[PDB]
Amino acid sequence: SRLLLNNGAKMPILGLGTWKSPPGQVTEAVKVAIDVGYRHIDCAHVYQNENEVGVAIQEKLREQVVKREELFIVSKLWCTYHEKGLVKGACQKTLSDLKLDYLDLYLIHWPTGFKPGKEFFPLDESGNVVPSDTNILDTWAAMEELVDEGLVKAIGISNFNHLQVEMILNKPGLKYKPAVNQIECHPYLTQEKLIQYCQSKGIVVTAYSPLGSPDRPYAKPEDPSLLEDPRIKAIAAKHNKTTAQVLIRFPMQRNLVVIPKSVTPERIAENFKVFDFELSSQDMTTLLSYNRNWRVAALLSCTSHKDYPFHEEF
């Protein structure tokens, strides 16, 4: 139920995602998830709903349904705050909204720095994203300070390719290794090489969009759908489980942390019931064979950023 991180802490293998969870619904969603047994919530300042996630955590802490030490709360530094001097302030904003005094894990959300400002996606006159001249290593140094200051227990990365990971690992005077690399992973984007790399380095991998993000912004024509894949539905039927339950279990048996999103009480409940069954190695190998290198999150607007992560094979 929990994986051991390189800082000695233990991360729940199941977490609740909150991207696209509306402010008006996410408080009840998180209260329900905690009641059901979730102990890990995935957040980000860019999701514009951390205050409302925080209301729910505060209510369950007050009710004594959980202790603070039993929860594992994750957030992420957005791209407009990569400058050394903006990092602490961005973390503290998130702490204020979540109404906590430390985060369990704080991730660099994307490797690409953008120009600082109010816009999450700063554009120039020709409509292009304006990049920061910051690099990944100076940002890492700023994240390490947060650990020394007691604001976060662990720090990590998200959407980093193996060369960008290696860059941090070979950083002169590296004080804290990345604990976690959070990446997109599901049967259409299986990530076998990047997962084996990170895992050989003792970095825990968290799979996001495990159900294929059916509620993502654009349903772009003849779009692949994991929940509706007849081959995956067969494997669920054989196990008497739903295709969502098979999609959540799959990464767990690869020793990945998985963070399905839902604001629906019965689905939040359904997605928890994945600890009592096992997919065979045959099932696993079959699910791995469906890889089509399909990404939900390709960050196409940043394809010419100096630190765009997806030009490299893995």
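We number the residues from 1 along the sequence you see.
Asker: Which has the higher mean CA temperature factor in the PDB entry, 242-250 or 61-69?
Answerer: The entry gives the higher C-alpha B-factor average to 61-69.
Asker: Pick between 152-160 and 196-204: the one whose mean CA B-factor in the entry is higher.
Answerer: Higher mean C-alpha B-factor: 196-204.
Asker: Going by the entry, which of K76, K84, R231, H186 has the most elevated CA B factor?
Answerer: That would be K84, according to the entry.
Asker: If I read the C-alpha B-factors straight from the PDB entry, which of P172, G212, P111, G89 is highest?
Answerer: Largest recorded C-alpha B-factor: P172.
Asker: By the record's CA B-factor, is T18 among the lowest, middle or highest third of residues in the chain?
Answerer: As the PDB entry reports it, the C-alpha B-factor of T18 lands in the lowest third of its chain.
Asker: Looking at the entry's B-factor column for C-alpha atoms only, identify whether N128 ranks in the lowest, middle or highest third of its chain.
Answerer: It falls in the top third of the chain.
Asker: Considering only modelled residues of the same chain, in which third does the CA B-factor of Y38 rank: lowest, middle or highest?
Answerer: For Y38, the deposited C-alpha B-factor lands in the lowest third.
Asker: Quick check for you: using the entry's CA B-factors within this chain, is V180 in the lowest, middle or highest third?
Answerer: Within its chain, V180 is a lowest-third residue by C-alpha B-factor, going by the deposited values.
Asker: Splitting the chain's C-alpha B-factors into thirds, which one does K118 fall into?
Answerer: Within its chain, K118 is a highest-third residue by C-alpha B-factor, going by the deposited values.
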